[PDB]
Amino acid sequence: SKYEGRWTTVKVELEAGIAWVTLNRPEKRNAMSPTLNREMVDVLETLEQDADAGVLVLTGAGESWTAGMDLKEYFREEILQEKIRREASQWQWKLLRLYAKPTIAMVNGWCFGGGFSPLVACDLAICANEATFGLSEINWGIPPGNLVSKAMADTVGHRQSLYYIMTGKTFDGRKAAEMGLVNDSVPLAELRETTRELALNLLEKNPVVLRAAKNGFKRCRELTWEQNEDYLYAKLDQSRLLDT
């Protein structure tokens, strides 16, 4: 297939304009190693230029979505660590959150802290009732890494954010949905199907418009109303120009 064999820790399947992306260390519950961070940068930069990819789905192999950063690795370690950090950032949110194409997280199982940044950076998100979530950094004796805290701060109310961050307790899919972490939670049985219907629906939209709408909305969150009058019109006009 188009990309079969291109990466060791990640696989990509194109189907009807959908680039399904699977994180591919099922035996390590798809933990995010530096290898996998470097490959995921490449996968995103590659799919950005591939005109057969209209929408991405992010998912994980086996029963993990991801189980967070690769533990048995941080233990290892240092100007190198600077660049290891940047390459986690590069794919998890620097590219993904304001991606030029629509993104959806399809959360099939374990999502554990670290995995929350790229979850939140996806435009939308469906999970399984049977998925299981955790900000268990605290039990391993660290505070959430990367933009995990910020992912939560934009998404979950602080009463609920701080409980889960400070206690380390797990929560099920239904609960991720109550808290507004995902758009919805459906039986695993119906997950891939439901995600796909949505994926197809977004392919129906003018993709230069959808970009400006979705990526303009995200940035407008950080600006004042009076600043946004100017920003969001500049993005409306930009959209007009890049379409014709």
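The first residue of the shown sequence is 1; numbering continues from there.
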I'd like the number of residues from the deposited sequence that lie between residue 82 and residue 83 yet are not in the model, binned as none, 1 to 3, 4 to 9, or 10 or more. none
Entry-level comparison of average CA B-factors, 148-156 and 104-112, reporting the higher stretch: 104-112
Name the higher of the two by mean Cα B-factor in the PDB entry, 182-190 versus 212-220. 182-190
Return the residue from 91, 140, 133, 164 that has the highest Cα B-factor in the entry. 140
Among the chain's modelled residues, which third holds the C-alpha B-factor of residue 122? lowest
Of the three thirds of the chain ranked by Cα temperature factor, residue 25 occupies the lowest
Compare the C-alpha B factor of residue 98 with those of the other modelled residues in its chain, then answer lowest, middle or highest third. lowest
Split the chain's modelled residues into thirds by Cα B-factor; residue 49 lands in the middle
Where the record places residue 200 (Cα B-factor, split into thirds across the chain): highest
